[PDB]
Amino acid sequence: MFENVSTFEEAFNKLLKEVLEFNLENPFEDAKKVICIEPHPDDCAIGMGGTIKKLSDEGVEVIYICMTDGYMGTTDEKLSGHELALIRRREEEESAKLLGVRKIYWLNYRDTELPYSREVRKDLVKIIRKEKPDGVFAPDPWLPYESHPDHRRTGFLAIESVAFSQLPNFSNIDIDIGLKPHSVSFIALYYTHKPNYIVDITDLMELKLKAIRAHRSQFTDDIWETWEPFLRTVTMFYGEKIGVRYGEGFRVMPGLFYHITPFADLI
């Protein structure tokens, strides 16, 4: 095959439409179960709150995996990490109900101390093999200037575990105990700076904010002076791109493009 095609532009198009069968018109259409992976309690809400509701409404079962416990996120000398993490499990539960979310896996790695290792991959893979989701959502680990290791690591570990979920020699005790390999249908990266599919959340904006604000520990009135406009600015950045007021941007690519693809950046 492909001995025929004449330009690169030509082969690239044929590969996308015909070989890979991939398009960006309604990438989430047929998902009946998806998992949203967040580094810290509040990240799903913030990165894709509107889309989670949208999917919630269409009847999609939306599941969280939360990588860390949020231990470090207070400036109050009187709040111990253990208590803040107690507080933040409730904030998250409360936030996910607003968004239609009923299941949350807590891995309970400590905030700022999320390892990048096989051990974590095995955590993610166990849950992916158990639940068999059609879709996985995670942070874009390639986001420029992203300076939180827990965020970078969560992106990389998400993509990797999605891929290694199909591989029966990866974490082989799972297979030995009933958990078969699983091939996730797609991946979508939020908190991305090269979105390629964008979702209209203009009519969910206000709900999204309410779901974000239920993380009270994290957004006091003084923090909210800064963050509400930040959040609106981000949502506008994404919206302006499909000509609407508030958007949530995602990056989706054929599985193949995640590996040895010198033209992954064209889509």
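Start at 1 and count along the sequence shown; that's the residue number.
Of the two stretches 109-117 and 67-75, which shows the higher Cα B-factor on average in the entry?
Mean C-alpha B-factor is greater for 67-75.
If you average the CA temperature factors as listed in the entry, which stretch comes out higher, 166-174 or 152-160?
Per the PDB record, 166-174.
Which has the highest CA B-factor per the PDB entry: 193, 122, 130, 97?
Max CA B-factor in the entry, restricted to 193, 122, 130, 97: 97.
Determine, from the deposited record, the chain-internal third of the Cα B-factor for residue 229: lowest, middle or highest.
For residue 229, the deposited C-alpha B-factor lands in the highest third.
Ranked by Cα temperature factor within the chain, is residue 35 in the lowest third, the middle third or the highest third?
Lowest third - that is where residue 35 ends up once the chain's C-alpha B-factors are sorted.
Among all modelled residues of this chain, ranked by Cα B factor, put residue 41 in the bottom, middle or top third, i.e. lowest, middle or highest.
CA B-factor rank for residue 41: lowest third.
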